[PDB]
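Reading through the structure tokens given below for one structure.
There are 4 protein chains.
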Amino acid sequence: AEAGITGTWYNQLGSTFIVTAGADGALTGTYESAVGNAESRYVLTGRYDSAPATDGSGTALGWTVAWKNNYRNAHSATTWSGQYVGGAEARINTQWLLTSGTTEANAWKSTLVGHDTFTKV
Amino acid sequence: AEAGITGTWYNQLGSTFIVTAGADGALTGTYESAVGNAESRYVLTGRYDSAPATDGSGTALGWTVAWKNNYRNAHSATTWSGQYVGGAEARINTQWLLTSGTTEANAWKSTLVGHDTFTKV
Amino acid sequence: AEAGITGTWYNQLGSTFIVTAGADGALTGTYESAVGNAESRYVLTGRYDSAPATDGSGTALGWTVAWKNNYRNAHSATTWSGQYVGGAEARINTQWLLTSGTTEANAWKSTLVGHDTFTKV
Amino acid sequence: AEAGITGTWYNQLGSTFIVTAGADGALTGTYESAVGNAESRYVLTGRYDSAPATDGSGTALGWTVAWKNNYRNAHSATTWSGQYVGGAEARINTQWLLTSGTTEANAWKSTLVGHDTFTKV
Ligand SMILES: O=C(O)CCCC[C@@H]1SC[C@@H]2NC(=O)N[C@@H]21
Ligand SMILES: O=C(O)CCCC[C@@H]1SC[C@@H]2NC(=O)N[C@@H]21
Ligand SMILES: O=C(O)CCCC[C@@H]1SC[C@@H]2NC(=O)N[C@@H]21
Ligand SMILES: O=C(O)CCCC[C@@H]1SC[C@@H]2NC(=O)N[C@@H]21
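Chains as they are written, first to last, in PDB author numbering: chain L, 13 to 133; chain S, 13 to 133; chain E, 13 to 133; chain F, 13 to 133.
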């Protein structure tokens with residue numbers, strides 16, 4: 013879903029996800045979080061199923077953002093794993109994992125889990 | 013950890029992860045799974061904290077693989093979120109999310125969760 | 013939130029959760045799934061924060077269901093971890109982990125992850 | 013695995029899990045954490061597959077601990093979802109979700125994810 017995926021999306025927190033789906037299954041763009049140890053735009057890189065089944069199932073995809081830009085460094089990375097669902101109201105349903113660089117003593121508590129829903133709004 | 017991260021790594025299942033850490037916090041390479049609906053090498057893309065804290069904490073990183081290559085298409089994507097830990101025995105500790113494109117009726121069961129440990133072996 | 017938590021709840025899939033919150037932080041009841049390898053009612057057991065903060069934060073709680081009753085056995089267990097949020101429209105926001113008994117060769121793929129929202133409806 | 017499961021177990025962090033597996037698929041016992049906002053013993057409640065497959069697959073199980081005892085209250089709950097694996101070196105492989113009661117503004121970051129391995133040691 014190159015055409016489909018490409019665009020500007022917003023999640024339930026007001027975060028902005030600007031993507032471009034390459035023909036070769038590549039995802040590139042920008043991410044800006046409405047919350048956490050972040051400010052402005054961050055670079056994102058990902059991959060998506062460029063030849064989705066024809067039975068009307070969603071398109072599997074994922075992307076990563078290392079929380080470092082010119083303004084700051086949170087020393088953490090988030091990965092979103094979900095599927096794209098086309099139609100009237102297109103959506104991107106995901107689950108994410110946010111990992112903080114920690115000392116070994118604190119690795120037990122290095123990762124958060126949640127889910128975000130994106131819509132063209 | 014450009015030097016550190018760059019290399020060939022193996023996880024507890026015998027999977028092979030070949031990465032190159034760019035100066036700009038970019039991760040590119042190849043992934044080959046010892047299990048699941050996969051065969052041969054797949055393209056990977058990710059990001060890592062290119063300016064890790066100096067207190068000896070790990071380096072946050074993540075990558076994605078869309079399970080499609082010339083030989084097959086599993087119509088799924090995996091995202092690994094973890095941290096790189098340097099030293100005598102360098103390691104990459106991660107947690108992953110594997111999402112399958114599904115119909116809406118089956119979205120409840122679209123995603124698996126697990127953890128992989130990588131070592132230069 | 014004994015009074016609050018006690019009751020019949022439904023999630024986004026039409027599943028029914030009948031709980032009783034004991035004074036001692038115990039949760040007991042029945043669970044019936046609208047999907048998966050299940051039928052009829054299953055026993056549940058859990059625990060909740062019986063002395064929640066007074067700043068208006070949610071109440072942390074969790075419960076488990078081993079997918080075996082008189083009618084069947086799916087040889088799996090689900091654990092829901094979330095928080096109770098009181099008010100006009102009371103809700104229970106959770107994340108769950110569903111683990112299937114597997115052989116060692118297949119342990120990599122033994123666990124699913126998702127989220128359910130419950131309301132008195 | 014009543015006999016099998018019943019006992020004292022330790023995870024990779026030095027935490028102690030004392031369980032009793034009831035004939036009816038009930039789990040009761042005590043949990044004491046070597047880390048986090050905890051001290052002494054906490055009550056646990058869970059469920060397990062009391063009639064596991066005969067093909068030598070693991071036994072699915074889960075338990076919860078609300079982090080409140082006489083000494084303190086962390087206003088959080090953990091749920092462990094895994095499987096019991098019998099034999100020479102019996103093990104309990106799990107994944108857990110730790111949820112903190114939070115305000116709505118901070119719900120995005122309410123839950124941690126990790127994995128623990130238990131052995132009779
Ligand atoms: O605190 C940092 O380490 C930066 C966190 C960035 C915000 C997180 S990523 C998951 C969730 N979805 C969003 O759009 N924002 C939060
Ligand atoms: O079945 C497919 O959809 C392909 C799955 C690929 C294998 C998974 S990704 C998580 C885990 N870590 C690995 O190295 N392999 C498995
Ligand atoms: O297939 C089995 O092993 C039984 C699965 C039971 C249904 C799951 S538990 C998570 C999700 N929430 C529900 O209410 N039902 C599904
Ligand atoms: O900080 C609190 O809220 C109490 C946390 C208790 C410790 C956690 S539960 C997951 C992990 N496994 C353990 O044995 N201890 C930690």
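Every residue, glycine too, gets a C-beta built ideally from N, C-alpha and C.
Relative to the Cα of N105 (chain E), the nearest Cα in the group F:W92, F:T115, F:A72 belongs to F:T115.
The beta carbons of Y60 (chain F) and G41 (chain F) sit about 12 angstroms from each other, so the pair does not count as a contact at 8 angstroms. Against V125 (chain F), the close residues of chain S are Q107, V125, in the order they occur along the chain (beta-carbon pairs closer than 8 angstroms). Looking at S:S45, S:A78, S:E14, the one whose alpha-carbon comes closest to that of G26 (chain S) is S:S45. Taking the C-beta atoms as reference points, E51 (chain S) is found nearer than 9 angstroms to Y83 (chain S).
The closest heavy atom of ligand 3 lies less than 8 angstroms from the beta carbon of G126 (chain E).
In this structure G58 (chain S) is in contact with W75 (chain S), their Cβ atoms being roughly 3 angstroms apart against a cut-off of 8 angstroms. Look at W120 (chain F): its C-beta is under 9 angstroms from a C-beta on chain L. Taking 9 angstroms as the cut-off, the Cβ atoms of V31 (chain E) and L39 (chain E) count as close.
Below the 8 angstroms Cβ cutoff, chain F contributes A78, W79, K80, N85, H87, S88, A89, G113 as neighbours of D61 (chain E), in chain order.
For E14 (chain L), the secondary structure class from DSSP, reduced to helix, strand or coil, is helix.
Under the three-state reduction of DSSP, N81 (chain F) is assigned to coil, being neither helix nor strand. Cβ-Cβ distances below 8 angstroms link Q107 (chain E) to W92, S93, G94, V125, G126, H127 in the same chain, with the five nearest sequence neighbours on each side left out; the list follows chain order. The C-alpha of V55 (chain L) is placed about 43 angstroms away from the C-alpha of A86 (chain E). In this structure, E:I17 is the residue among E:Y43, E:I17, E:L109, E:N49 with its C-alpha nearest to the C-alpha of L73 (chain E). The beta-carbon of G74 (chain S) is placed no less than 9 angstroms from the nearest beta-carbon of chain E. Proximity of chain F to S52 (chain E) at the Cβ level (cut-off 9 angstroms) is not reached, the minimal Cβ distance being about 16 angstroms.
Taking a contact as a CB-CB distance under 8 angstroms, the pair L109 (chain S) and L109 (chain L) counts as one, their CB atoms being some 6 angstroms apart. With distances taken between CA atoms, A102 (chain F) lies nearest to F:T71 out of F:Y43, F:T66, F:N118, F:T71. In this structure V133 (chain L) is exposed. Its beta-carbon is surrounded by fewer than 16 other beta-carbon atoms within 10 angstroms. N118 (chain F) sits exposed, since fewer than 16 C-beta atoms from the chains shown fall within 10 Å of its C-beta. Around the Cβ of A15 (chain L), a 10 Å sphere holds fewer than 16 other Cβ atoms; the residue is exposed. In the structure shown, the three-state DSSP call for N105 (chain L) is strand. For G41 (chain F), the enclosing beta strand (DSSP E) begins and ends at 38-44.
With contacts defined as CB atoms closer than 9 angstroms, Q24 (chain F) and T90 (chain F) fail to qualify as a contacting pair.
Using a Cβ-Cβ cut-off of 9 angstroms, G48 (chain F) counts as an interface residue toward chain L, since at least one Cβ of chain L sits closer than that to its own. Neighbours of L25 (chain L) across chain F, judged by C-beta separation under 7 angstroms: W120. Just so you know, the alpha carbons of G99 (chain L) and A35 (chain S) end up roughly 40 angstroms apart.
In the three-state reduction of the DSSP assignment, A117 (chain E) falls in the helix class. A distance below 6 angstroms between beta-carbons, with the five flanking residues on each side excluded, links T20 (chain F) to the following residues of its chain, in chain order: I30. Taking C-beta separations shorter than 6 angstroms and ignoring five residues to either side along the sequence, the partners of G113 (chain S) in its chain run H87, following chain order.
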